[PDB]
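S.K.: Test case, fold it:
(chains A and B)
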Amino acid sequence: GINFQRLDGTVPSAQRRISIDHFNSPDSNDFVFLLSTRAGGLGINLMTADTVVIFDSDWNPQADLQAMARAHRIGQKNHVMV
DNA sequence: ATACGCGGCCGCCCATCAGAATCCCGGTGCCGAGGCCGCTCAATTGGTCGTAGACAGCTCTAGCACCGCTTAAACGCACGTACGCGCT
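M.R.: Numbering: from 1, shown residues only, chains lettered A, B, ... in the order given. I have put the structure below:
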C-alpha cells in the first residue's frame, strides 16, 4: 500500500514530466520516488525529497554525489539523511 | 429212318514268378581358411643436433553489458480474391 511512481529510461517525457510535476506538489501522497543512475542523475531536481537510500555504488566515483544532488539541494530545509 | 452222346469252349476261383519302387545307407565337387615360404627392401634400432613450440609475462584490443531516446518493423486481425486441389 505504498503510493509511488517510477522514473527510468523507458517512459517518454510526457509521462515523466507528469510524474515529476505530481511529486513536487506539497500535498502529494508519494513519499517514495524511484530513480536510476544515468536517468536518476540525468537532470532536474527534487525539492521536497530529503532522504536518499542507495542500494550499492554504481561503479563510478562522484556519481553518488551527483545522484544525491537531485534531492539534496538548496530548497531542502529539513536536512538530508543518506 | 430217328434218337443219344460229346467236344472243345469258357467263366470261375486259385496257384507261381518276375519286376517296379521306397527306404537304408553314399560318393563327389566346390569354397574358403591354412601352410608354406623366401628373397628383401621398408620399418626399427640406437644416436646426434637444433629448433618449434610450450609456457609464462605482459599489454592492450574488442567483446560484453547496460541504458534510454526514437521508430521502423513486426504483430494480429478483418475481408475477399484468386489459387490449390479434386473431379471428370
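S.K.: and the residue of chain A nearest DNA strand B?
M.R.: Proximity of chain A to DNA strand B (CB to the nearest atom of the strand) peaks at residue A:9, 0.8 Å away. Using the backbone N, CA and C atoms, a C-beta is placed for each residue, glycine as well.
S.K.: What is whichever helix in chain A runs longest packed up against?
M.R.: Longest helix in chain A by number of residues (criterion: DSSP state H): helix A:13-23. For helix A:13-23, the packing partners by 3 or more CB pairs under 8 Å, 6 or more residues apart in numbering; DSSP states H and E come out as strand A:4-5.
S.K.: for the strand it packs on, packing partners?
M.R.: Going by 3+ CB pairs under 8 Å, 6+ apart, strand A:4-5 lies up against helix A:13-23, strand A:32-33.
S.K.: wait, what's in contact with residue A:19?
M.R.: Going by CB atoms under 8 Å, 6 or more residues apart in numbering, residue A:19 touches A:5-7, A:11.
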